[PDB]
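Structure record follows, encoded as structure tokens.
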Amino acid sequence: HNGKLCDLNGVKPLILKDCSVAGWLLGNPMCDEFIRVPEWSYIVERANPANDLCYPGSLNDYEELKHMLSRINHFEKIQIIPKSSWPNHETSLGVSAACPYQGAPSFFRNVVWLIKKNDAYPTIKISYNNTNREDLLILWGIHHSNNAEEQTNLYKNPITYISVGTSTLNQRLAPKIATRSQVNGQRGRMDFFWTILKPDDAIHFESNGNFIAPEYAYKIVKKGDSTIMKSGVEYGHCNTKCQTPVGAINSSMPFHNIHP
Amino acid sequence: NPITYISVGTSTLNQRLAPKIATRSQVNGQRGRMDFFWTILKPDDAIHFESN
Amino acid sequence: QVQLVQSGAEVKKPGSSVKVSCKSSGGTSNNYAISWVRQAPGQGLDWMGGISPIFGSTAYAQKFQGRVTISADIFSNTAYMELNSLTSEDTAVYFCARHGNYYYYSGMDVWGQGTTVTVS
Amino acid sequence: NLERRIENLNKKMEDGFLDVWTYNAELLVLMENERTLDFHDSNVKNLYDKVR
Ligand SMILES: *[C@@H]1O[C@H](CO)[C@@H](O)[C@H](O)[C@H]1NC(C)=O
Ligand SMILES: *[C@@H]1O[C@H](CO)[C@@H](O)[C@H](O)[C@H]1NC(C)=O
């Protein structure tokens with residue numbers, strides 16, 4: 001093998017470099033190269049990518065989401081909920097130093113951290129009907145605070161919930177206000193969640209606090225053969241029919257011993 | 001009752017539930033859901049139900 | 001039936017090289033010898049060489065020895081012909097032709113459609 | 001629907017086992033067909049050698 005990543009039948013792969021799948025899909029500030037992504041043939045990820053979830057926490061069913069990305073060749077990102085749809089909540093103060101952008105604190109771009117506005121947090125009751133003709137990947141989250149002082153300082157409500165409801169999804173959440181150790185400089189956590197919204201189906205969000213509200217979702221506009229490749233090999237500006245993580249194969253042999 | 005629960009307890013099952021009162025899409029004309037649960041009750045073993 | 005399908009026509013500069021393939025369609029040709037025959041405009045047919053891939057023979061003409069490279073792929077059933085150091089005398093119509101047996105003595109009963117190479 | 005990796009694992013495991021056993025059956029049939037025809041040829045040659 002010549003030890004380079006090539007195009008699979010003339011389609012450029014999605015090479016995330018130091019970004020991860022979670023940082024890409026949630027919109028990491030250190031992944032702004034991949035805000036608008038064309039159609040790919042396969043996804044290339046590093047073995048230990050530096051730009052993971054910048055705020056500490058987790059993406060729930062992350063490996064199920066990565067299994068669904070082996071059957072998706074193109075996303076077309078749309079703004080399902082604009083930031084002007086939150087008049088009574090602060091959409092600009094939700095930043096942290098764990099997600100820095102050019103030295104200044106920032107946040108994920110595909111979701112909005114909603115802080116209390118005018119020392120109040122009214123109960124969010126918002127819905128989005130999928131009027132498109134294809135499936136929609138919607139990512140939201142919950143912020144687990146550190147103490148009750150942080151809970152009153154950020155959301156004004158001591159006991160909050162998050163209700164998410166679709167045709168097949170019934171979700172009720174509550175923040176786990178506890179003491180953790182410092183990961184990435186922050187003591188709080190953020191559990192992120194995803195679903196696939198079918199056409200002619202609505203998603204309903206209800207919360208009175210701790211809501212990492214979605215702004216950008218992803219339209220699944222193409223399905224087909226794909227994979228997520230764990231490879232540190234650089235791009236080679238080349239085309240091929242067979243690709244391995246260590247390098248593409250351009251031969252007609254019945255066997256190879258390059259990579260499983 | 002606004003805040004209800006369901007407690008189910010056997011020799012091997014310890015279950016506590018609460019309804020997820022939320023807005024969700026219409027399936028079969030209804031916006032309510034019903035999560036159904038099952039267990040296998042061994043002989044000479046009781047199942048206890050508690051709910052309000 | 002077996003039909004030999006060649007590549008398209010090539011336009012080349014002098015000093016470059018041209019690679020012409022001959023895919024055997026409708027059946028394999030690994031047990032027969034596939035020859036490469038060129039035809040200059042206004043001249044007769046000229047043998048360049050051939051390959052018998054399972055038999056393991058790769059023959060070349062003495063007037064083309066060292067300048068033409070003929071290889072075969074037995075997994076894609078494709079025979080290739082690479083001609084280096086093109087001049088204006090290499091302008092011809094290039095045919096792949098399958099023999100009647102494993103070697104080159106038999107008559108070439110299956111022919112490709114031809115590939116015109118013009119050097120200018 | 002939230003168990004797609006284990007479902008793909010089960011599908012690939014059962015398909016791979018069916019492929020291994022299909023290969024085993026086909027290759028055993030081909031190899032023993034060669035051995036049977038060569039066995040018949042050896043029996044004819046061996047009867048000829050016995051008479052000779
Ligand atoms: C792809 O095939 C071409 C054929 O010319 C070869 O030059 C190239 O090295 C191959 N690429 C890889 C990555 O093996
Ligand atoms: C979404 O829109 C469709 C068509 O506009 C409508 O029939 C359906 O009831 C809506 N879904 C909801 C409100 O959950």
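Heavy atoms only: backbone and side chains are in, while hydrogens, waters and symmetry mates are out. So you know, we letter chains A, B, ... as the sequences are listed, proteins then strands, and number each from 1.
- Taking the charged nitrogens against the carboxylate oxygens, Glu7(D) and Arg4(D) do have a contact shorter than 4.0 Å, which makes a salt bridge.
- Using cut-offs of 30° and 60° on the angle between ring planes, the pair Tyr55(A) and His143(A) is perpendicular.
- Remark: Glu76(A) CD to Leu136(A) CG distance equals 10.0 Å, nearest 0.5 Å.
- Of all heavy-atom pairs spanning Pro245(A) and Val233(A), the tightest one is O-CG2, 3.3 Å.
- Side-chain atoms of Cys54(A) and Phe107(A), non-hydrogen and from C-beta on, never get closer than 4.5 Å to each other.
- Put simply, CE on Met81(C) and CG on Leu83(C) are 6.0 Å apart, with the number rounded to the nearest 0.5 Å.
- No hydrogens or angles considered: nothing links the side chains of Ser29(C) and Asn77(C) as a donor-acceptor pair under 3.5 Å.
- Note that CG of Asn208(A) and OG1 of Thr160(A) are 5.5 Å apart. Values are rounded to the nearest 0.5 Å.
- In this structure, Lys116(A) fails the cation-pi test against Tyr121(A), since its NZ or CZ atom is not both closer than 6.0 Å to the six-membered ring centre and inside 45 degrees of the ring normal.
- No hydrogens or angles considered: a donor-acceptor pair under 3.5 Å links the side chains of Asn250(A) and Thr240(A).
- With 3.5 Å as the limit, one finds no donor-acceptor pair spanning the side chains of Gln3(C) and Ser25(C).
- Residue-environment remark: NZ (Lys230(A)) exceeds the threshold of 12 foreign heavy atoms within 6.0 Å.
- Electrostatic pairing of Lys4(A) and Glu234(A) does not count as a salt bridge here, judged by no charged N lying under 4.0 Å from a carboxylate O.
- For the side chain to side chain contact (heavy atoms under 4.5 Å, CB included) with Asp191(A), the lone residue among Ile162(A), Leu173(A), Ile142(A) that qualifies is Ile142(A).
- In this structure the side chain of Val111(A) never reaches within 4.5 angstrom of the side chain of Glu215(A), judged on heavy atoms.
- With rounding to the nearest 0.5 angstrom, the CD1 atom of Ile196(A) is 8.5 Å from the CD1 atom of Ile138(A).
- Side-chain atoms of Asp7(A) and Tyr235(A) form a donor-acceptor pair, as typed in the model, at a separation below 3.5 Å.
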(request) Starting from the C-alpha separation in whole Å, work towards a yes-or-no answer on salt bridge (charged side-chain N to carboxylate O under 4.0 Å, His left out) for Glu33(A) and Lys17(A). (result) CA-CA 10 Å; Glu33(A) 173 171 345; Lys17(A) 286 174 283 292; 2.9 Å; yes
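- Under the 6.0 Å distance and 45° angle rule, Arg109(A) counts as a cation-pi partner of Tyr101(A).
- Interatomic distance, OG of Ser106(A) versus CH2 of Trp113(A), reported as 11.5 Å (0.5 Å rounding).
- Remark: the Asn146(A) side chain and the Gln186(A) side chain contain no N/O donor-acceptor pair separated by less than 3.5 Å.
- Side-chain contact between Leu53(A) and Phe108(A) is present, with at least one heavy-atom pair separated by less than 4.5 Å.
- Separation of the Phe211(A) and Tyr155(A) ring centroids does not fall under the 6.0 Å cut-off.
- Using a 4.0 Å cut-off between charged side-chain N and carboxylate O, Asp200(A) and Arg133(A) make a salt bridge.
- Of the candidates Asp201(A), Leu197(A), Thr168(A), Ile203(A), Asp201(A) is the only one forming a side chain to side chain contact (heavy atoms under 4.5 Å, CB included) with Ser25(B).
- For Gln171(A) and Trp140(A), the side-chain atoms include at least one donor-acceptor pair closer than 3.5 Å.
- When only modelled atom types and interatomic distance are considered, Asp18(A) and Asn51(A) share a side-chain donor-acceptor pair under 3.5 Å.
- Between the side chains of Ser252(A) and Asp73(C), at least one donor N or O sits under 3.5 Å from an acceptor N or O.
- Just one of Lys176(A), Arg187(A), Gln151(A), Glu150(A) meets the side chain to side chain donor-acceptor pair (under 3.5 Å) condition when paired with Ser145(A); it is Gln151(A).
- The aromatic rings of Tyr218(A) and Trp24(A) lie tilted to each other, with the angle between the two planes from 30° to 60°.
- In this structure, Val21(A) and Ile228(A) have side chains that are in contact, with non-hydrogen atoms separated by less than 4.5 Å.
- The distance from atom OG1 of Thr123(A) to atom CD of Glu206(A), rounded to the nearest 0.5 Å, is 7.0 Å.
- Side-chain contact, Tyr128(A) with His204(A): no donor N or O sits under 3.5 Å from an acceptor N or O.
- Looking at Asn73(A) and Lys223(A), their side chains never come closer than 4.5 Å, going by heavy atoms from C-beta outward.
- Nearest heavy atom pair, residue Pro2(B) against residue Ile21(B), reads O-CD1, 4.1 Å.
- Here the shortest heavy-atom pairing between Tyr5(B) and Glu50(B) reads OH-CG, 3.5 Å.
- Annotation: disulfide bond (SG atoms under 2.5 Å apart) contacts involving residues 219-260 of chain A, sequence neighbours excluded, comprise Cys6(A)-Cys238(A).
- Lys19(C) forms a cation-pi arrangement with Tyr80(C), by the criterion of a distance under 6.0 Å to the ring centre and an angle within 45° of the ring axis.
- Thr28(C) and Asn30(C) share a donor-acceptor pair across their side chains, judged by distance under 3.5 Å alone.
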